[PDB]
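One chain follows as structure tokens, the form deposited in one PDB entry.
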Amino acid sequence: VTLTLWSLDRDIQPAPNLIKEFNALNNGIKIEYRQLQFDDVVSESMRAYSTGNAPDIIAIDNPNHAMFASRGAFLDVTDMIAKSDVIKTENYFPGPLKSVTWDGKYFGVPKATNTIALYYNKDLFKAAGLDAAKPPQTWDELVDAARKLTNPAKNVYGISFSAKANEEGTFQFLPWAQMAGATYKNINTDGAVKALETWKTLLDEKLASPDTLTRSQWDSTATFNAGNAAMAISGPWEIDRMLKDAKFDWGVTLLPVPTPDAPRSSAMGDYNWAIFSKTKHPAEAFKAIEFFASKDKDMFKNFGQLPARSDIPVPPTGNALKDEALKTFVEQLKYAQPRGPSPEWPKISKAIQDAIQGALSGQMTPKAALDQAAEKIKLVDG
């Protein structure tokens, strides 16, 4: 049997390397890889499905999963998963599992994951009289610390993050709303408004740069590495550069909660495996995904990517700060929540982006902005 697999993974990233190993097996299945190019995974992929030309297997960005699953494009793998001795749903973090779920059925298997958390400069904490062993755990503590850490004389903002008018702004904002008891289907609760007002306060009180509105997570975190922001909300992808560039002692803690007993959340990036529904070789496609999952234990070591799984430890990385950071990130992943899952996620995300921009620019109040977003979202998902 010959299978086809499409992914954005580059030559040194997991998919093509896993494919080479799978093909080397004595198992009568062979996979041919197509490397998808930037920004095309979704467009090319539902073009291909509509014309009967989809691959057998795809690695799809998690917020896109529900669109394919709800429209019949992905194979229902519920029973296959149940029978598998390799793929066990209890191994996975809850958020990634939810992203492959539609209508009480599994339509894929998580491939990898990431999240965001709160980096902090322990040396600037000490200079401000803050105990570096006790980083902020609530939104109020976070704002208090950001104030104490802001230092115009030395061009330091207390915090950096991203509210960019792209997917990153929604990615960063949604967990705050979720911790306050809101969802994408209900994004204008007074709790969600409090989240957005908190962001507005950070900007208006000069505790976060105005460039928060236009800057990527990566570019925001560069300012933390340079010592111009005392805290940063970003992901595990930052660590190696931070080790090279940040000339200070630093730690990482979970994204703070609005009140001590509030449910935790954070953002959730990266991809899922899926089988296209008209594959002529469903059993063999599933066996390939089982093989990939069986190697999740080696993913971080080999590729520097985190499995979507709670049963796999992060191996020692050779650096103590990196180990501690990743300890926090894997704890955070217990609480990471998906965007959606919604077949109309792109439209919904744009509505939320427009609300963030409208509020933080002062064009609309936070409540007026989120009321407008909720109205748009109710047309398409509820």
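Residue indices: 1-based, along the sequence shown. Under this definition, the rigid core comprises the largest set of C-alpha atoms superposing within 1.5 Å between the forms.
Below, we refer to the form deposited in another entry, which is not included among the displayed structures.
Aligning the rigid core between the shown form and the other one and inspecting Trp139, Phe93, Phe173, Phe125, the C-alpha positions shift by 2 Å or more at one residue, which is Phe93. The rigid-core alignment places the CA of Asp311 2 Å or more apart between the shown form and the other one. After superposing the rigid core, the Cα of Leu36 is displaced by 2 Å or more between the shown form and the other one.
The two forms, fitted on the rigid core, differ between the shown form and the other one by less than 2 Å at the CA of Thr328. Cα of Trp176 to Cα of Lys98: at least 3 Å longer in that other deposited form than in the shown structure. Look at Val42 and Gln357: in that other deposited form their Cα atoms come 3 Å or more closer than in this form.
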